[PDB]
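J.: If you scroll down you'll find the structure; I have some questions about it.
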Amino acid sequence: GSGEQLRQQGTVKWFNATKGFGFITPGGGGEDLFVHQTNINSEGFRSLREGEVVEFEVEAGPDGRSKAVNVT
């Protein structure tokens, strides 16, 4: 809960909407992780370009698994 800061940052340059699976670049130069679109959708459209940074936090459910959501 409180105290546990989970703020990540990812770029669109390494995003693959067509495939439905992008990537995140936490830190700005190191290891990259895979991300899946679970709760990242709008009501209309999305006008974004490569290079745009996004923000999100890893959430862990009761099952024990964790994933990223609400990537804006």
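Labeling convention for the structure tokens: chains A, B, ... as they appear, residues from 1 per chain, ligands from 1 in order of appearance.
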Tell me which protein, DNA and RNA residues are within 6 Å of region 1-8 of chain A, counting only C-alpha atoms, leaving out same-chain ones fewer than 4 positions away, and put them as a compact mmCIF listing (two decimals) with N, CA, C and O atoms, in the first residue's frame.

T.:
# COMPACT_ATOMS: atom_id res chain seq x y z
N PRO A 26 12.07 1.26 -18.85
CA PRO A 26 12.24 1.80 -17.50
C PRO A 26 13.69 2.20 -17.22
O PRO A 26 14.60 1.38 -17.35
N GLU A 55 3.02 6.81 -18.55
CA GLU A 55 3.13 6.52 -17.12
C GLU A 55 2.14 5.44 -16.71
O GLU A 55 1.01 5.40 -17.20
N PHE A 56 2.57 4.57 -15.80
CA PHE A 56 1.72 3.48 -15.32
C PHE A 56 2.31 2.84 -14.08
O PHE A 56 3.44 3.14 -13.69
N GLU A 57 1.55 1.94 -13.46
CA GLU A 57 2.00 1.25 -12.26
C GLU A 57 1.61 -0.23 -12.30
O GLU A 57 0.52 -0.58 -12.74

J.: Show which residues sit within 8 Å of residue 36 (chain A), as a list in words. Count only C-alpha atoms, and ignore same-chain residues fewer than 5 positions away.

T.: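 Residues near the query, excluding close chain neighbours: residues 20, 21, 22 and 68 of chain A.
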
J.: Write the residues of the selection above to a file with N, CA and C atoms, as a PDB file, in the first residue's frame.

T.:
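Everything below was put into again21.pdb:
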ATOM      1  N   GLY A  20      -0.443  -5.816 -30.876  1.00  0.00           N
ATOM      2  CA  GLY A  20      -1.127  -5.889 -29.598  1.00  0.00           C
ATOM      3  C   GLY A  20      -0.177  -6.154 -28.446  1.00  0.00           C
ATOM      4  N   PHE A  21       1.105  -5.887 -28.665  1.00  0.00           N
ATOM      5  CA  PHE A  21       2.117  -6.103 -27.639  1.00  0.00           C
ATOM      6  C   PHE A  21       3.292  -5.146 -27.822  1.00  0.00           C
ATOM      7  N   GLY A  22       3.447  -4.219 -26.882  1.00  0.00           N
ATOM      8  CA  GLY A  22       4.531  -3.258 -26.959  1.00  0.00           C
ATOM      9  C   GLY A  22       5.646  -3.561 -25.978  1.00  0.00           C
ATOM     10  N   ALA A  68       0.902  -4.430 -15.844  1.00  0.00           N
ATOM     11  CA  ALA A  68       0.763  -2.983 -15.947  1.00  0.00           C
ATOM     12  C   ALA A  68      -0.587  -2.601 -16.543  1.00  0.00           C
TER      13      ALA A  68
END

J.: List the neighbours of residue 40 (chain A) out to 9 Å using only C-alpha atoms; skip same-chain residues closer than 5 positions along the sequence, and give me the result as a PDB file with N, CA, C and O atoms, in the first residue's frame.

T.:
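Once everything was written out, this is result_34.pdb:
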ATOM      1  N   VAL A  69      -1.160  -1.508 -16.047  1.00  0.00           N
ATOM      2  CA  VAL A  69      -2.451  -1.036 -16.532  1.00  0.00           C
ATOM      3  C   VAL A  69      -2.553   0.483 -16.435  1.00  0.00           C
ATOM      4  O   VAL A  69      -1.752   1.126 -15.758  1.00  0.00           O
ATOM      5  N   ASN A  70      -3.543   1.048 -17.116  1.00  0.00           N
ATOM      6  CA  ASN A  70      -3.750   2.492 -17.107  1.00  0.00           C
ATOM      7  C   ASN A  70      -2.506   3.223 -17.602  1.00  0.00           C
ATOM      8  O   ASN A  70      -1.991   4.118 -16.933  1.00  0.00           O
ATOM      9  N   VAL A  71      -2.028   2.834 -18.780  1.00  0.00           N
ATOM     10  CA  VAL A  71      -0.846   3.453 -19.368  1.00  0.00           C
ATOM     11  C   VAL A  71      -1.216   4.696 -20.168  1.00  0.00           C
ATOM     12  O   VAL A  71      -1.800   4.602 -21.249  1.00  0.00           O
ATOM     13  N   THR A  72      -0.873   5.863 -19.632  1.00  0.00           N
ATOM     14  CA  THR A  72      -1.169   7.126 -20.296  1.00  0.00           C
ATOM     15  C   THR A  72       0.101   7.935 -20.532  1.00  0.00           C
ATOM     16  O   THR A  72       0.086   9.165 -20.475  1.00  0.00           O
TER      17      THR A  72
END

J.: Between A:45, A:39, A:27, A:33, which has the minimum distance to residue 15 (chain A) (counting only C-alpha atoms)?

T.: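 Closest residue, counting only C-alpha atoms: A:33.
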
J.: CA of residue 53 (chain A) and CA of residue 29 (chain A) are how many Å apart?

T.: 13.9 Å

J.: Go through A:48, A:54, A:59, A:66 and flag the residue nearest residue 24 (chain A), using only C-alpha atoms for the distances.

T.: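 Going through A:48, A:54, A:59, A:66 one by one, the smallest distance to residue 24 (chain A) is for A:54.
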